[PDB]
Participant: 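Following this message is one structure expressed as structure tokens.
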Amino acid sequence: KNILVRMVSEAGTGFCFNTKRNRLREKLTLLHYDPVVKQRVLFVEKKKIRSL
Amino acid sequence: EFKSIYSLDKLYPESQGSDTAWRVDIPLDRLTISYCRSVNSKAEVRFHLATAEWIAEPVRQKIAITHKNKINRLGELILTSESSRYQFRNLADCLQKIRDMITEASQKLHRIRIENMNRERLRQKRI
Amino acid sequence: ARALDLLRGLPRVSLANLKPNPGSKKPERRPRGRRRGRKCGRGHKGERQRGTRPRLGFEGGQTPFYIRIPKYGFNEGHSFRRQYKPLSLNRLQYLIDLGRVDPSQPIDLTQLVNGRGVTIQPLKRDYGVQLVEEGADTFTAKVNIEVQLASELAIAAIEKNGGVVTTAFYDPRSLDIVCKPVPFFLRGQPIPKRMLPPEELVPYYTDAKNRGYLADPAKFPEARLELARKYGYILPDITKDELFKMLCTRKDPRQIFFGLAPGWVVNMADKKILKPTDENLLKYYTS
Amino acid sequence: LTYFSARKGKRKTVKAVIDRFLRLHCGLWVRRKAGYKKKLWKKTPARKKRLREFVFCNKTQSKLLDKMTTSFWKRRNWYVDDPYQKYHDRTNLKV
Amino acid sequence: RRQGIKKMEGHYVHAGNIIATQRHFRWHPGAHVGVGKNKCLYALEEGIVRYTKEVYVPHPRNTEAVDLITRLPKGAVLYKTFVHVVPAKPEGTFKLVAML
Amino acid sequence: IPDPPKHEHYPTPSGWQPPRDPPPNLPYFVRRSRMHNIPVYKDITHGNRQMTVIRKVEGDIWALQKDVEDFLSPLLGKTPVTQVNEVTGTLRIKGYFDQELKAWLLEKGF
RNA sequence: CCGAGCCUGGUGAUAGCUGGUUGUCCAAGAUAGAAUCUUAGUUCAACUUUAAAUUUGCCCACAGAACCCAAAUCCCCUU
RNA sequence: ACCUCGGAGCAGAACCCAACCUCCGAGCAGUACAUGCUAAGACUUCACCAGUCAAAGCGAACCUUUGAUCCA
Ligand SMILES: [Mg+2]
Ligand SMILES: [Mg+2]
Ligand SMILES: [Mg+2]
Ligand SMILES: [Mg+2]
Ligand SMILES: [Mg+2]
Ligand SMILES: [Mg+2]
Ligand SMILES: [Mg+2]
Ligand SMILES: [Mg+2]
Ligand SMILES: [Mg+2]
Ligand SMILES: [Mg+2]
Ligand SMILES: [Mg+2]
């Protein structure tokens, strides 16, 4: 199944956004727009929010 | 007269004289100010740019170049504000525009650029 | 008038001639007769006819509209928000022009209330009066006014006319006393000290740009010149004015009334002011 | 609701209404949209934008809320920096 | 579903008004008529709504329509119903603002 | 309520103006309010019925009604519809004309 | 008069159920969707009544409304 | 057995509807991580709640099936 995860910005900001990834799939690292920084920055998966 | 520990003289011992609280660059007398109750009103500030001795000569030249669209045939720079119901705020905006113009004097267009480039390209006939 | 001549012609007005003004007394409707009896306007059988229809807001079991909407803090802390009654410069000029407020004396909340220019409700969390820029372009009065909040434009208008404005804080108790001093004097209590502003309001009343009553008076000329420069008027030297003493008069930050000190008791019955002389009481009322 | 309280004989306010709705003095009631905080990960950006909005109530909804609140909640409040100060009054309204 | 035409021919329509809601492409967007994600036809301008029949030339990237059109006899032309908004007001006017 | 102070120039900065002395010789008189303002008030009912009331009228309220109709018909384009309360001495005009009527009564000197 | 005595009180229990709901006269006044531990009820809508404001409303001739592959309906210049 | 939603029958020609009923599938999957933010004007499952579309603008790049409130 899929799990909702909290991608947390690697830019030092507290900005986090939620994505969906397969449980069997590896932890996610993804480029995403940082509104506070106003630039695309890397985000890393921190913790599993739920299992959907 | 009553005075507590929080009296102003105790709070700010350095400034204690009564006159200390009431002891007092664009020349408002030189400027000409008009108000039109046109809803926002309108304030117009006009002054002869050339004879503005309170403005430096190079600054006057730069202003007359850059803001030539706001200069009347009489050579007087005219600028208006209509962004408030209060003529106070409109006049404040006009004065701030004057200050900003002086400061910058001290220190859509894409299609126009392309058409001017095409005009220069067509600019080939030499008598 | 011709009406009084008609009265002269007519019979004597007595308690047998009186009639209510037509249209002021609707007929009473009661459930008797064919039209208003029988089911008496209640309808056929059911909850509504029995008089037992469910409460207001009930929707027959469907989750009610007023409950299915999420809770949001629209009114959180509403009763602790400070309220300031607006006093526009239009209203102030109107009061001065009609003589209900005397500009020759310092204008404070007591004078505004006594002239009926503003109505303050301390019980409804009114913390005083806020000066409002409305009418600034036509304000032409030289006044010494003490308010609780003041907009930059209102301050500019007051000062351009050659006047003085100061923002002074009043706690709810002092505010009630200031707004209605006579009932307080009939309470027979010594005049209390005016409390200091709460910590959140302290920067406002210590800022000179607000003309705060706790602000450094040394910084007042600089702020006044800044406003004059911003709004394009020449700052008048009020020290040269013949009313400069009145314009300079300011009550002490712990003082509720201009000429009365904290701790005094106003005996209105025989027109006297009893003043404590005990050293402890004097220290307390001066602190 | 309680039309006559047992201690004062007064009409009572349904506090569920106060916890949820804002009354503009002119007679308009503002509210949030239901579900505006629920499962945002599965909602489209347009739907989320619609849900994040402050929304007016019907005439009948407003009448119900007016009945369910007392006159205290329908007074002029001169808050210091009220974001709804401009919305408290209607302008250029014809009938 | 409550789908179908919302503005019939001759109806005055303001910019943004939905003209017709549809599941398939029963009506096609003409002049000054945009299409939503769900094939709803909305007005891009303020004006009068007109329905016409026009020759249909599918976008080349539309593989199915291109196959359909290539499997067609040499004289045949496809026709579709199109919705246009005939703009009423001009884009604007030049007004004298100042006599410098 | 204090009597308004004498001003060197009228209208006063707030726009207030005392009634002229002597009073006009019109068949009707409009007494000022106790706050020394012209008694012309907007009124609203049903949320859509806008009216204006001239309230403290003495004398020929019918003469006042004729004058008000003459003054307001060019503005409206039609004769305004009015109610003359002869008992209470008031004139009620359909529509909002408070500012125009206040200016007009000032010109007449009430 | 006991599948749970009798009396008093709480108590004017509660009843979406049944029954009843008293002068005269006039006027306007009709079936209708949704939700509901809901279909013997209710709330919203629709209809209905009163008062008020304003300007268009109904009828409709053309023109117009899809491919897959009937009777009519919608819309509105006139009238 | 069903109870919510969606698609088709089932309504020949705007909408609405043959409820009850027949068949199918969804409590999602894939994709992207601007698949952002804002905002005129509209639609709407005949109420409300809810649900849709969207010009212009700003910013990056250069989409195809459900559940309120309270409470945590
Ligand atoms: Mg009957
Ligand atoms: Mg009965
Ligand atoms: Mg019934
Ligand atoms: Mg009234
Ligand atoms: Mg027995
Ligand atoms: Mg009973
Ligand atoms: Mg009848
Ligand atoms: Mg239930
Ligand atoms: Mg029942
Ligand atoms: Mg179906
Ligand atoms: Mg709808």
Side-chain angles (χ1 to χ4, degrees), chain A residues 1-2 7 17-20 28 30-33 35 38-40 43 52, chain C residues 30-40 42 45-50 52-54 56-71, chain D residues 16 19-20 31 33-35 38-39 42 44-51 57-58 60-61 64 94-95, chain E residues 1-11 13-28 32 34-46 49-53 78-81 83, chain F residues 44-50 94-95:
Chain A
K1 304 187 176 183
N2 309 149
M7 305 291 301
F17 74 114
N18 307 343
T19 56
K20 296 190 290 180
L28 184 60
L30 179 65
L31 263 175
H32 185 91
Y33 159 59
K38 193 68 174 67
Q39 179 192 334
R40 284 177 167 178
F43 283 67
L52 62 94
Chain C
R30 49 202 307 275
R32 275 94 173 100
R34 182 171 95 88
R35 186 253 173 265
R36 283 177 180 82
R38 203 203 195 182
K39 291 181 166 39
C40 315
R42 303 300 301 269
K45 310 176 300 188
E47 255 189 338
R48 69 188 64 183
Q49 204 262 336
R50 267 63 166 266
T52 53
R53 77 206 311 158
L56 187 68
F58 194 70
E59 297 192 353
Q62 163 178 287
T63 300
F65 165 75
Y66 77 98
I67 273 166
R68 70 186 310 107
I69 295 315
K71 286 194 168 196
Chain D
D19 283 17
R20 288 173 170 83
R31 62 176 186 86
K33 283 208 77 77
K38 299 296 291 181
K39 295 184 286 294
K42 64 158 53 181
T44 70
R47 185 173 174 184
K48 276 141 64 169
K49 168 71 154 56
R50 278 193 296 274
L51 284 174
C57 298
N58 279 117
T60 72
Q61 297 173 346
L64 179 81
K94 273 70 178 174
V95 180
Chain E
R1 65 184 68 82
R2 276 82 178 163
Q3 277 171 349
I5 277 173
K6 312 301 178 186
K7 300 286 183 160
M8 294 281 187
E9 201 207 16
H11 278 240
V13 159
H14 297 275
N17 288 7
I18 294 183
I19 295 172
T21 55
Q22 43 182 1
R23 201 153 286 163
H24 318 309
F25 266 114
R26 170 166 180 183
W27 313 279
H28 285 251
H32 310 295
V35 177
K37 295 186 287 186
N38 61 347
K39 302 187 187 63
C40 291
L41 302 183
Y42 61 97
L44 287 166
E45 301 290 342
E46 179 177 339
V49 166
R50 298 297 184 194
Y51 292 82
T52 74
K53 312 306 219 298
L78 297 185
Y79 274 81
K80 297 282 188 180
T81 315
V83 194
Chain F
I44 184 74
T45 62
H46 306 79
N48 57 15
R49 188 184 224 174
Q50 306 173 342
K94 192 153 154 181

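Naming convention: chains lettered A, B, ... in sequence-line order (proteins, then strands); numbering from 1 in each chain. Note: hydrogens, waters and symmetry copies are ignored here, and every other heavy atom, side chains too, is used.
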Participant: Tabulate protein N/O versus nucleotide N/O from nucleotides 70-72 of chain H, keeping only pairs under 3.5 Å, one per line.
Facilitator:
| unit_1 | atom_1 | unit_2 | atom_2 | d |
| --- | --- | --- | --- | --- |
| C70(H) | OP1 | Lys71(C) | N | 2.6 |

Participant: North or south: where does the sugar of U45(H) fall when you read the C1'-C2'-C3'-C4' torsion?
Facilitator: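 Judging by the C1'-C2'-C3'-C4' torsion, which comes out negative, the sugar of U45(H) sits south.
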Participant: In terms of side-chain heavy atoms of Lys33(D), which of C48(H), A34(H), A50(H) is nearest?
Facilitator: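 Comparing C48(H), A34(H), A50(H) against the side chain of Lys33(D), the answer is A50(H).
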Participant: Is it the case that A65(G) and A66(G) stack, meaning their six-membered ring centres lie under 5.5 Å apart and the ring planes differ by under 30 degrees?
Facilitator: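 Flagged as non-stacked, criteria not both satisfied.
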Participant: Applying the Watson-Crick and G-U wobble criteria at under 3.5 Å, what pairs with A8(H)? Answer none if nothing qualifies.
Facilitator: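 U22(H) - that is the nucleotide pairing with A8(H), both distances being under 3.5 Å.
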Participant: Check this one for me: any side-chain N or O of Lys37(E) less than 4.0 Å away from OP1 or OP2 of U52(H)?
Facilitator: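 The answer is no; no side-chain N or O of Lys37(E) sits under 4.0 Å from OP1 or OP2.
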Participant: With sugar-phosphate meaning primed atoms plus P, OP1 and OP2, does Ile18(E) contact a base, only sugar-phosphate, or nothing at under 4.0 Å between heavy atoms?
Facilitator: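 The answer is base, as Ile18(E) lies within the cut-off (heavy atoms under 4.0 Å) of a base atom.
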Participant: Within a strict 4.5 Å, meaning less than it, do heavy atoms of the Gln3(E) and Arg23(E) side chains meet?
Facilitator: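 When only atoms from C-beta onward are counted, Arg23(E) and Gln3(E) do touch, with a gap below 4.5 Å.
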Participant: Could you check whether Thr60(D) gets within reach of a base, just the sugar-phosphate, or nothing at all, counting any heavy atom under 4.0 Å?
Facilitator: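 Sugar-phosphate contact only.
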Participant: Which of parallel (below 30°), tilted (30 to 60°) and perpendicular (above 60°) describes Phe17(A) and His32(A)?
Facilitator: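 Taking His32(A) first and then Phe17(A), their aromatic rings lie parallel (interplane angle under 30°).
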Participant: Convert the base pairs of RNA chain G into dot-bracket notation, remembering that pairs crossing earlier ones are written with [ ] and that bases paired across to another strand are shown as |; include only Watson-Crick or G-U pairs under 3.5 Å.
Facilitator: ................................((((....))))...................((.......)).....
Participant: What distance, rounded to whole Å, do you find between the two P atoms, one in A65(G) and one in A13(H)?
Facilitator: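 Those two atoms are separated by 15 Å.
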Participant: Decide yes or no, distance alone: a donor-acceptor N/O pair under 3.5 angstrom between the base of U69(H) and the side-chain of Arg68(C).
Facilitator: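 No such pair is found, so the answer is no.
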Participant: Mind telling me if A30(G) is north or south by its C1'-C2'-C3'-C4' torsion?
Facilitator: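 Sugar pucker of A30(G) - south, given that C1'-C2'-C3'-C4' is below zero.
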Participant: What contact category does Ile44(F) fall into here, base, sugar-phosphate, or nothing, at under 4.0 angstrom with non-hydrogen atoms?
Facilitator: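 Result for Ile44(F) = nothing.
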Participant: It should be established whether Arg23(E) places a side-chain nitrogen or oxygen under 4.0 Å from OP1 or OP2 of nucleotide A8(H).
Facilitator: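 Indeed, a polar side-chain atom of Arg23(E) lies that close.
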Participant: Mind telling me whether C46(H) is syn or anti, cutoff 90° either side of 0?
Facilitator: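 Because its glycosidic torsion lies within 90° of 0, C46(H) adopts the syn conformation.
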Participant: With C1'-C2'-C3'-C4' as the criterion (positive north, negative south), name the sugar pucker of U42(G).
Facilitator: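 Here the torsion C1'-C2'-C3'-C4' comes out positive, placing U42(G) north.
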Participant: Are any non-hydrogen side-chain atoms of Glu46(E) and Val13(E) less than 4.5 angstrom apart?
Facilitator: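 Of all side-chain heavy-atom pairs linking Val13(E) with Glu46(E), none is under 4.5 Å.
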Participant: Is any side-chain nitrogen or oxygen of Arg48(C) closer than 4.0 Å to OP1 or OP2 of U42(G)?
Facilitator: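 Answer yes for this pair, as a side-chain N or O of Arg48(C) is under 4.0 Å from OP1 or OP2.
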Participant: If you check the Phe65(C) side chain, which of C49(H), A34(H), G51(H) turns out closest?
Facilitator: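 The answer is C49(H), which lies nearest to the side chain.
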Participant: Base, sugar-phosphate, or nothing: which does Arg38(C) touch, judged by heavy atoms less than 4.0 Å apart?
Facilitator: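 Here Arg38(C) touches the bases of the nucleic acid.
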Participant: Strictly under 4.0 angstrom, non-hydrogen atoms only: write out the protein contact profile of nucleotides 10-25 of chain H, one letter per nucleotide from the 5' end, B, S or -.
Facilitator: ----SSSS--------
Participant: On the nucleotide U54(G), are OP1 or OP2 found under 4.0 Å from the side-chain N or O atoms that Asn48(F) carries?
Facilitator: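 So the side chain of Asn48(F) is outside the cut-off, no N or O lying under 4.0 Å from OP1 or OP2 of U54(G).
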Participant: Base, sugar-phosphate, or nothing: which does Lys20(A) touch, judged by heavy atoms less than 4.0 Å apart?
Facilitator: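 Sugar-phosphate, no base atom in range.
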Participant: Holding to salt bridge (charged side-chain N to carboxylate O under 4.0 Å, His left out), I want the full list of residues that pass it with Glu47(C), two or more places apart in sequence or in another chain.
Facilitator: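 Checked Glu47(C) against salt bridge (charged side-chain N to carboxylate O under 4.0 Å, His left out); zero matches.
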Participant: For a quick check of understanding: with a heavy-atom distance under 4.0 Å over all strands, which category does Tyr33(A) fall into, base, sugar-phosphate or nothing?
Facilitator: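 Since a base atom lies under 4.0 Å of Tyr33(A), the category is base.
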Participant: If the glycosidic angle sits within 90 degrees of zero it is syn, else anti. Tell me which applies to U69(H).
Facilitator: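 Syn, since the glycosidic angle lies within 90° of 0.
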Participant: Please tabulate the protein-to-nucleotide N/O contacts below 3.5 Å involving nucleotides 27-35 of chain G, giving atom names and distances.
Facilitator:
| unit_1 | atom_1 | unit_2 | atom_2 | d |
| --- | --- | --- | --- | --- |
| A35(G) | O2' | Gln62(C) | OE1 | 2.8 |

Participant: How does protein reach along nucleotides 13-20 of chain G, written 5' to 3' as B (base within reach of a heavy atom under 4.0 Å), S (only sugar-phosphate), or - (no contact)?
Facilitator: --SBBBSB
Participant: If the cut-off is 4.0 Å, is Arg50(D) near the phosphate of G51(H), judged by side-chain N/O to OP1 or OP2?
Facilitator: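 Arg50(D) to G51(H) OP1/OP2: no side-chain N or O under 4.0 Å.
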Participant: How would the sugar of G36(H) be described, north or south, if a positive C1'-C2'-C3'-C4' means north and a negative one means south?
Facilitator: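 Taking the sign of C1'-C2'-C3'-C4' as the criterion, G36(H) has a north sugar, on the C3'-endo side.
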Participant: Side chain of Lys94(F): nearest nucleotide among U54(G), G64(G), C53(H)?
Facilitator: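 The answer is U54(G), which lies nearest to the side chain.
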Participant: Please classify the nucleic acid contact of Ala15(E) as base, sugar-phosphate, or nothing, using heavy-atom distances under 4.0 Å.
Facilitator: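 It contacts base atoms.
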